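# Results of the structural survey
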Amino acid sequence: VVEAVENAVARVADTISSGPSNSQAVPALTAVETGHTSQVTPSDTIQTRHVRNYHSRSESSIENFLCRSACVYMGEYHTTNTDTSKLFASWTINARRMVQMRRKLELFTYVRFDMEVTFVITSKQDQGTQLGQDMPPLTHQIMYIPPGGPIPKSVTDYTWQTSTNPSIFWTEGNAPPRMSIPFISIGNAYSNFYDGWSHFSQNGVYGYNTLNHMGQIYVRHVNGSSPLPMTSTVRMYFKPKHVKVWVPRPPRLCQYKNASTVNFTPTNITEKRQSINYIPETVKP
Amino acid sequence: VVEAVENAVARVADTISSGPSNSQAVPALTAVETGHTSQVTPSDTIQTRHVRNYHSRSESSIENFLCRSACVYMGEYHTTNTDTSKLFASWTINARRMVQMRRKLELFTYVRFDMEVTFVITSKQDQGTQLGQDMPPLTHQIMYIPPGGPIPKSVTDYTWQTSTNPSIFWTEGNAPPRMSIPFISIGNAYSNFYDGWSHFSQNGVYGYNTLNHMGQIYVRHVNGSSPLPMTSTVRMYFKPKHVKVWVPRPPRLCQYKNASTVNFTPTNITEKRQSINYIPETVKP
Amino acid sequence: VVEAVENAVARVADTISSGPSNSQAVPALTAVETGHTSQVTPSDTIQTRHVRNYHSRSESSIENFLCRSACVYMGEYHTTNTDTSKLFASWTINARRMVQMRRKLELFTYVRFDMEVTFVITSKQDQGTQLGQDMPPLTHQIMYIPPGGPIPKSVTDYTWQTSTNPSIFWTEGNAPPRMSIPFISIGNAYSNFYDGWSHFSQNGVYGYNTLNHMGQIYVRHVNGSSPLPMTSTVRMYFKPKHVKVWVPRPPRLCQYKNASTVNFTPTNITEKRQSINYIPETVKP
Amino acid sequence: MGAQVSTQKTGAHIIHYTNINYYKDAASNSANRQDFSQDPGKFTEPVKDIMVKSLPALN
Amino acid sequence: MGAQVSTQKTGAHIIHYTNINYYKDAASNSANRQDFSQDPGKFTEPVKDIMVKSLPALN
Amino acid sequence: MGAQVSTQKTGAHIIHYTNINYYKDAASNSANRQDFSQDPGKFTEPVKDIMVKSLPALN
Amino acid sequence: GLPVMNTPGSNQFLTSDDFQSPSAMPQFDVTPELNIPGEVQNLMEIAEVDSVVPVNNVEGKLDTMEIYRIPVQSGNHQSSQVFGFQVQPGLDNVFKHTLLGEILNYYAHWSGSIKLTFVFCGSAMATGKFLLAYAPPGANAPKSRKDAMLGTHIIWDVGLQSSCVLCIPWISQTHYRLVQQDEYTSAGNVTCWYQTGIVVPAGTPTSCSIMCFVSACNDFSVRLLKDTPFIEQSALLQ
Amino acid sequence: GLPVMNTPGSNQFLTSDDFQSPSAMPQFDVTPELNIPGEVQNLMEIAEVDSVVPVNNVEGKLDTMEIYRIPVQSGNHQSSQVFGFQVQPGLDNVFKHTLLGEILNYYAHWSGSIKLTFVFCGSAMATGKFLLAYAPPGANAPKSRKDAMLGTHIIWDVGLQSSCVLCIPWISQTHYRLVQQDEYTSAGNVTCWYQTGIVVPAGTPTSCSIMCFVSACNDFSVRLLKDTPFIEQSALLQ
Amino acid sequence: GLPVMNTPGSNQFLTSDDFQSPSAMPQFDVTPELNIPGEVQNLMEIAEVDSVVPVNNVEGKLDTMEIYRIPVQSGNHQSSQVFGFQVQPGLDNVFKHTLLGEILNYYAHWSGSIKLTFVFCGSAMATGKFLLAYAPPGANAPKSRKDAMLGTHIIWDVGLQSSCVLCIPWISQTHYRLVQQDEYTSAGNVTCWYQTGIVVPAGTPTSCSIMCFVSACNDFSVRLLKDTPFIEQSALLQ
Amino acid sequence: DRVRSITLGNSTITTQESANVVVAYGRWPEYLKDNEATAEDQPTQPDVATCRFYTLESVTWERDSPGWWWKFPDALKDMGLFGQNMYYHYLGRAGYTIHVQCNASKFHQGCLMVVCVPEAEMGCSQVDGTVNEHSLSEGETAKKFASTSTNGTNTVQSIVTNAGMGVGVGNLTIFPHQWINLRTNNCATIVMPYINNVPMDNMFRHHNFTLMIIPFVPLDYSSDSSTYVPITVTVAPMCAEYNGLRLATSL
């Protein structure tokens, strides 16, 4: 069986031919007080020729705009140390620490989508005086813990049994690991802004951290080895797909300060020029 | 449901059989002054046999020509230093620093497409006298900041909250991160060349930098760790898709000088030979 | 809309049942002098049973034979040196330096296809006495320069503006970069062998280098950093698709000598055995 | 065998492709890159009474 | 289930494939590699009066 | 939406898949792995006069 | 098994690929979809909305509302020019932080027509007429009303309707211009002059101000996605 | 969940793959498409356009317009050859930087016929006839008009029409030749000779020049994409 | 946006994947396709072509044409065996560098029937008859004509037709055999003997030679692609 | 077949030795339509006061002349009512008809290339520098290409072989063009539509296209033939539209 699926191409409007006019129709006179934006084209104000326009608005749809991978977290962890908390990495899941993807997401109030997640892991040797040894390939474990699950205390804790938590095992020299996640929220859509509190007495925690609660990630080395110490760095990449967004907002002007708040320092509207009439001259012999 | 989609194969023209001739038709006499290129085939000047040609022009279409990944940026950043500006990497987005992709794009005046973006991150140990330690996997964060958003000042700045900016979190040892971007420009198509100024007085900034304005990228380590310092390098790869291009141009002859201008040093048209008649002899006993 | 596309499966021929014979038909007597290869099956020489054969020749078609990725180039470059030519890598594009893919391609005289290109970049620390520093993620730039474009002189040359050349920017820890290239040749098909010269006097340059002329690749670090030096290696992988090939040839017997010529050292036809009758005995108690 | 055939993105002035789904969950499918609808009047003309654009806005 | 089935690139002298879209945005779809149109007369013959090619160009 | 649905490679002795094209150029499409044609007579029987195979080759 | 051969591009991570991947949560049951008002389907729907342009971006006014007002007054001021700027919707300081500018800075190429709406915010007893002119590239910007009247212009009469639209039509040799505009893809300039002057009766303030809004027409489009230069950080957790 | 098994090629980055990927900007609304003149759909449309060939690439002329002119004159010069070169459209210095050559250097294989147009740029009172000849590979290049007349040739008569076309037809044992041509895939040579000579009246300049244009026919095609050797850098920011 | 979840295999580079990827040259116009003779669509078309087998691969003859000739002569030589070898089309030194062998060494599994053609290259006045025999695995190779006659054989009579075909039919317990054959997937042996002897008149050379060609039948196929062990390098630029 | 007449407004051009007419990409100029507009005010269309032939000043073709270029618009900003409509509006839009004339006798020889280049961005003779607008254009006066590499500050790198753009000059035939071969014809004519990535634009800030005249075969003559041979350009706008009326700008 084969099924033919049709794809409607969507191009921009053609401009029509127009001639001289002398009448009572005033397309160029409006009133912005109504909250309405004028729908006037060049053919209403000047004389125009007919043009057949073949341009398409395909790369500005929301799906093509948001469906690319971006880094959201980077972290380090060791194979040998004297701290036992630096032997594994762990963090809470969100998209608020890297400013590019998070400014791109905050153009809208609410978003809903599935996700594709990729990891990029690299290792390196720690600076020691005596070098020289052959080491077998390293293996890494990534575990996702939804809220309420037990938390590892070390790299040999029983919790890495991962009986019900989903985990990834990977070894260096292969393709980067990848998996997809569905839309997981107790609400009908994700919320990027929340003008409210956590306690009914209008106090407690304000803003975004009240609503996310999506678990944690833990990463470790599996070998448990290496008399000479090594160091690994893990980077995580998000890619949304099957997207829907609501209620657009003005883009962020000020620089970000931290991952919890919308706090900012006052910034200008733009940079200056000489005077309200200044023109740069570019046609000179 | 299944929908059958048909694909029209496009092959080159067959050559037809032709015999002797003695007439007033002069297909070989033309005039280039008109700006017209002659549409003559071998069958108009010699005697030919019939050939059925099965060759296809499939690999020279614009989409197959441009839909490959190319490096556009590489940068370094540390986990520990005495500068606090070398702890993260940041750059402005364009495709003008690596000459291969940028010469390929400049065959046309205007281009419009969506993009697929991939990142390749690697780490290494800094040369120290004493080596030997085990380090946990490293995690990296990539944030995209559209123009107007707040700018990070350090690796612990509040702005990595990434509440509205899109970010990627990644850990080493996984597949490289990837995401897709739609066609984001305030114009109807991208512009590769701009023969104009920024100020109405015909001065200010000339050329390409007047029109791009597409934000920045920031990258950091998430672990905040590593008593022994490490160094990471990030590389970015672009791949355009769903392409349209207009107004072809002659290919760049001179070498590039910088990323802002079209400045060049005068170069020759080609290399020399002995004389206008020189022939290399290759049939000798 | 959905369109159903049908795929014809292609299996090998069945063998038919055959019995005893005594006639003047002589299927086993032929003459090789004609240049013709005999089309005889077992059913023409012995008695056979009927067999229904379900085997398919699917993995020996040209597309499945050639559509895999192979390494074609590897190169090194530094972040800090005293040469300023070892700070970036550059090479001319071909598929003649790694013997596996190039022997596989040379089974045919002419080939035509699109390409998928992937890059794998890794970094490492240079051996120093004092180690220990944290380095931010590294970013890399890859630029493609078609023939005639300006050539970079350093890692800070204006030519990395990449205004018209296509480039890739990438950062370590992400998926490997990838992009696709169409069929780019001034001829109707690629040429693997050329028994001719470059000058009309039958001298000059002989063979393959006369016809390829497909540009160069340049790669650099973007950070411009690292008081302690690092070293990166880049590897490039080709994968052809939408293939067509003509005029098959005998496979290469001798080992390759260089990337320009077909030069060789005389080799044997095979290895020896004891005598024209030698049989290894394998049924012994 | 549950195959979908649809047209490719080309230019203007053989062109279709085939897809099979391998997994049981729809969150595993690839992105929907070929849906192009618009409704700008929701943001540019959100008024109760219609405005003709050749007539005055008031009076 | 919204499946597209289309023909594969083969030679000349079982052959179709299936695609499903997984994402809501069309910018997530894969490239359109199978559209082959041409219009060379736009660049090689951009003249107002037609030239027959068996007739003289002038006179 | 321009979807192609085609059959999968199975054995012998639900089975189709879906594809959508995302890009404008056909060089971005995936490989054509399902086209299986043959024409061996071009290399094994390139003679002007036909040879029957039950008859002698000469005389 | 089945014989296969690996091509270039195997085991790479391209950040704009489109493949299938296994689910880490098999048979998860998602929350039903709710019909929330204000759904967006294309970024061009946002760029077609008017936003206020900071025309008066001179020293000392970059953080006050005075950055949005254009000053006009009564008396003989015909020889004085009202305002002027270049047409660089993603490059010029005048246009780069508006809605249209912010959308364009995510892209490399743009094309289409541009709408500028002007609103007079004086008293109900003030009268006047203005000339709004757009000049194409190729010459220097006009220095007098006589020069400016030769290009594409409109004469605005202030009355019961408060707003007048100047439409800049797409006049270009290429199909697309660069968002990072250079001299090759320049687009021209806009200037304003007194056509008659402002007349008021006694008891009214003499000075008035004008405001300007920018938006995109229905033939507008962009392409070639890129990262924006307006947001940046120096470390994670920002 | 569903049982699965990973095959070779997992988690690799191939730079010519074709997959789906998630969008970083869900429901972004793009700028509408504009109908700009001059849209290109195939690279072969550019290679079918004539461009001028630098036939006179000898020492001392590599940066002057004299590199484009072929010299001819009046008097008895029949024993002298006018010009000659090899047919290597992507390899020879004569053809490598033209439009056709620049397109071919992105590819590895080419095939098809090639058009050479010759234009006489002398006075209106000068007369002459020339012989334009193409020889196939297998012998050395001709040393006299008698040898050259035996291959594929045309006799050009100068008159009211100024231009004559020599069409080089595809004569090859293989379907494709290499862009980096070797001795195995050689294609031959082209030569020009005086058929009668140039005759002028008194009061006219004696010396004249000829120009040559190259383009591709409608059976031309290329394959096997590669990087070009004409552009290069030594560091980023170039 | 749309909620998603990443599965194992994300961000890996598998060298035999099949995805879509963005084009680095949008709207490039390729050279038209030409109809070149000799197009190949399947590797099995090459393996069905005869090629000469080096049966005489003994010491001192590995680089001469004598490696291809099988010697025969007149007189009483019935007790002497003519030739014999194992059936290992990709493993034995006798078959590994022929066309069929070279194609098989890119694969791991093979199946089908095999054709061996024998041509007598003596004088027109010489007569003789030979016995060509194939034995299945399970026993040692025959040591006399009486043993060899019990397997699958043909009696070749030399005459006006010069060539005789011995067809080896697929007799195996498994559907496929290994290209790297072991004792479990052995296939047997082939031997040749004098059926009567060679008879010549006076004035003719006594010694003659026979040649052998190998090719594949129309039920032949291979699978499981791999790299070949016949080509290798010690550094780049080779 | 060689005679032609073109009428626009109150102006007419006749010619008796024309080759043909080039229509840039098969597209004639036309007005902007309603489904491609973004600016909302009613545009003005003067239609005979602006759409007519204006003649620039002539140049002298000498035996060693490298060539000339002009920038459009900004070469017509002091031409009648087209220039005045340019000074009072913010947005303008127009196509053009270009006509180049150069006649000589049947005893002269020479060959000129006439080409229109959209978005011709140029480089400075100092590679670590930027250009200014005086070096790009002088209005109705032509800029001159050079004979060798140029030096000094603030001038454009103008050796003819690179066309001041870093390309090969023999490839400029990719753009709309014609030739004037002195033995064949005496005029060239090109019809150019509006080409840009946006539907309208400001005419003082952006140069839409450059006109280049480059001799490939120099001028030659003998004993007592005429030595003075001028070249003349004439340009007419078509389908001219303006938007955004305010007070007149001042350069």
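Structure: see above.
Before going further, it helps to examine the overall build of chain J. Secondary structure summary: chain J contains two helices and 13 strands in total. Its C-alpha atoms give chain J a radius of gyration of 19 Å, within 12% of the compact-globule value 18 Å for 251 residues. Over its C-alpha atoms, taken along the principal directions, chain J stretches across nearly 65 × 50 × 30 Å. Here chain J holds 251 residues, and the buried ones make up 72% of them. Within chain J, residue pairs in contact and separated by at least 24 positions form 81% of the contacts whose partners lie at least 6 positions apart.

Time to look at the overall build of chain D. When you go through chain D residue by residue, the secondary structure sums to one helix and two strands. Taking 10 Å as the expected radius of gyration for a compact globule of 59 residues, we find that chain D reaches 22 Å, considerably beyond that expectation. Seen through its principal axes, chain D has C-alpha atoms that stretch 65 × 35 × 15 Å. Expressed as a percentage of its 59 residues, the buried residues of chain D come to 47%. Accessible surface for chain D amounts to roughly 2800 Å². Of this, 52% is attributable to carbon and sulfur atoms. In chain D, 6 side chains carry a positive charge and 5 a negative one; their mean positions are 6 Å apart.

This brings us to the interface of chain I and chain E. At the junction of the two partners, chain I supplies eight residues and chain E supplies twelve residues. The junction of chain I with chain E conceals about 800 Å² of combined surface from both sides, 41% of it contributed by carbon and sulfur atoms. Interface area lost by chain I to chain E is led by I:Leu2, I:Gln20 and I:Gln41, which between them contribute 61%. Our enumeration of links across chain I and chain E arrives at zero salt bridges. For the side of chain I that touches chain E, a count of residues per class yields three nonpolar, three polar and two charged.

At their nearest point, the C-alpha atoms of chain C and chain J are still 8 Å apart, with no contact between the two. When C-alpha atoms are compared, chain I and chain J, though not in contact, are closest at a spacing of 14 Å.

When chain C is brought onto chain B, the operation consists of a screw motion whose angular component is 72° and whose axial shift is 0.0 Å, with 0.0 Å RMSD remaining. Seen this way, the second copy is the image of the first under a five-fold rotation axis. Closest to the rotation axis within chain C is the C-alpha of C:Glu3, separated from it by 2.1 Å.

Attention now goes to the pattern of salt bridges. Considering all chains together, one arrives at 56 salt bridges over all chains under this definition. Notably, a salt bridge pairs C:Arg103 with I:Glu102, separated by 2.7 Å at the nearest N-O pair. Of the two residues, C:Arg103 is situated in helix α2 (residues 99–105) and I:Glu102 in helix α2 (residues 99–104); the pairing between them involves two chains. Taken individually, C:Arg103 and I:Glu102 each receive the classification buried, so the pair is uniform in this respect. Among the ionic pairs, J:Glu17 bridges to J:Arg2, the shortest N-O distance being 2.7 Å. Here the residue J:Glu17 occupies a position in the loop between β2 (11–15) and β3 (22–23), and J:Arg2 occupies one in the segment before β1 (4–8), the gap between them amounting to 15 residues. For J:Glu17, a relative accessible area of 33% gives the class partly exposed. Where salt bridges share partners, they join A:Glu116, A:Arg178, A:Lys239, B:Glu116, B:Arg178, B:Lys239, C:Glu116, C:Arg178, C:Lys239, G:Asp17, H:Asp17 and I:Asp17 into one cluster.

What the rule picks out here adds up to 91 aromatic pairs over all chains. Their ring planes at 80° and their centres at 5.6 Å tell us that A:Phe65 and G:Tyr106 sit as a pair that is edge-to-face. Of this pair, A:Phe65 sits in helix α1 (residues 62–66) while G:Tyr106 sits in the loop between α2 (99–104) and β5 (107–111), placing the two residues on different chains. Here the aromatic cluster, defined as three or more aromatic residues joined through ring pairs, consists of A:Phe65, B:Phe113, B:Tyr144, B:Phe183, B:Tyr190, G:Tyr106, G:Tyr107 and H:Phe28. Directly above the ring of A:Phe65 sits A:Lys104, whose terminal nitrogen or CZ lies 5.2 Å from the centroid. When the ring centre of J:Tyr221 is taken as reference, the NZ or CZ atom of J:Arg63 above it lies at 4.0 Å.

Attention now moves to the interface of chain C and chain B. The interface of chain C with chain B comprises 105 residues on the first partner and 109 residues on the second. Of the roughly 7200 Å² buried where chain C meets chain B, counting both sides, 54% is carbon and sulfur surface. Interface area lost by chain C to chain B is led by C:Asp134, C:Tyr158 and C:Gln161, which between them contribute 11%. Run the count over chain C and chain B and you get one salt bridge.

Attention now goes to the pairing of β5(G). Residue and element names in this part refer to chain G. Counting buried positions along β5 gives five out of five residues, so the element sits mostly inside the fold. Bridge analysis of β5 against strand β13 (residues 221–225) gives two bridges, and the strand direction is antiparallel. Its bridge partner lying in β13, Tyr107 is registered against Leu225. Sheet topology places β5 next to strand β10 (residues 177–178); two bridges connect them, and they run antiparallel. Considered in β10, the bridge of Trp110 is made with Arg177.

We now examine the sheet that holds strand β11 (residues 189–194) of chain I. All names here are of chain I. Strand order across the open sheet formed by four strands is β4-β11-β7-β8, with antiparallel pairing between neighbours. Every interior strand has two partners, whereas the edge strands, β4 (81–86) and β8 (152–157), have only one. In this sheet, adjacent strand axes meet at a mean angle of 15° when their direction is disregarded.

Attention shifts here to the side chain of J:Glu119. Its location among the elements puts J:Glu119 in the loop between β8 (109–118) and α2 (133–136). The side chain of J:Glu119 is buried and forms no salt bridge, while G:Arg177, the nearest opposite charge, is found at 4.3 Å. Reaching out from J:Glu119, the side chain makes a polar contact with the backbone nitrogen of G:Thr185 at a distance of 2.4 Å.

Now for the nonpolar core. Grouped together as the largest cluster of nonpolar side chains are 510 residues, with contacts concentrated most on G:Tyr107, H:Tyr107 and J:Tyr90. Considering every element that reaches this core, the biggest residue donor is strand β4 (residues 108–125) of chain B, with nine residues. Counting six residues, the second largest nonpolar core, distinct from the first, contains A:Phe88, A:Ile145, A:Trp160 and A:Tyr218.

One can find G:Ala216 in strand β12 (residues 208–216). Here the alpha-carbon distance between G:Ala216 and G:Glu33, two residues 183 residues apart in the chain, equals 32 Å. Apart from the residues lying within four places of it in its own chain, the contact partners of G:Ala216 are G:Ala47, G:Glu48, G:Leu100, G:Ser113, G:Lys115 and J:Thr38.

Inspection of the secondary structure puts J:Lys33 in the loop between β3 and β4 (54–55). For the buried J:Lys33, which has no salt bridge, the nearest side chain bearing the opposite charge is J:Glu36, at an N-O separation of 4.2 Å.

Rules used throughout
- Residues numbered from 1 in each chain as written, not as in the entry; some residues may be left out.
- Chains lettered and ligands numbered in written order.
- Part of a larger assembly, values for the part shown.
- Heavy atoms only, no water.
- Helix = DSSP H or I, 4+ residues; strand = E, 2+ residues; numbered from the N terminus.
- Rg over C-alpha atoms; globule rule 2.2 N^0.38 Å.
- Buried < 20%, exposed > 50% of the residue type's maximum accessible area, 1.4 Å probe, protein only.
- Contact = heavy atoms within 4.5 Å.
- Areas by Shrake-Rupley, 256 points an atom, 1.4 Å probe, with all protein chains shown as cover.
- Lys, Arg positive; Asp, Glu negative; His and termini not counted.
- Charge placed at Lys NZ, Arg CZ, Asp CG, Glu CD.
- Buried area = accessible area lost by both parts, 1.4 Å probe.
- Salt bridge = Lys/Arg side-chain N within 4 Å of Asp/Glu carboxyl O.
- Nonpolar A, V, L, I, M, F, W, Y, C, P; charged D, E, K, R; others polar.
- Least-squares fit on C-alpha atoms.
- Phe/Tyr/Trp six-rings, centres within 6.5 Å; stacked < 30°, edge-to-face > 60°.
- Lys NZ or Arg CZ within 6 Å of the ring centre and 35° of its normal.
- Pairing = 2+ DSSP bridges.
- Axes fitted to C-alpha atoms, helices over the stretch in contact; angles between N-to-C directions.
- Polar contact = N/O pair within 3.5 Å; in protein donor to acceptor, adjacent residues only side chain to side chain.
- Core = buried A, V, L, I, M, F, W, Y, C linked by side-chain atoms within 4.5 Å.

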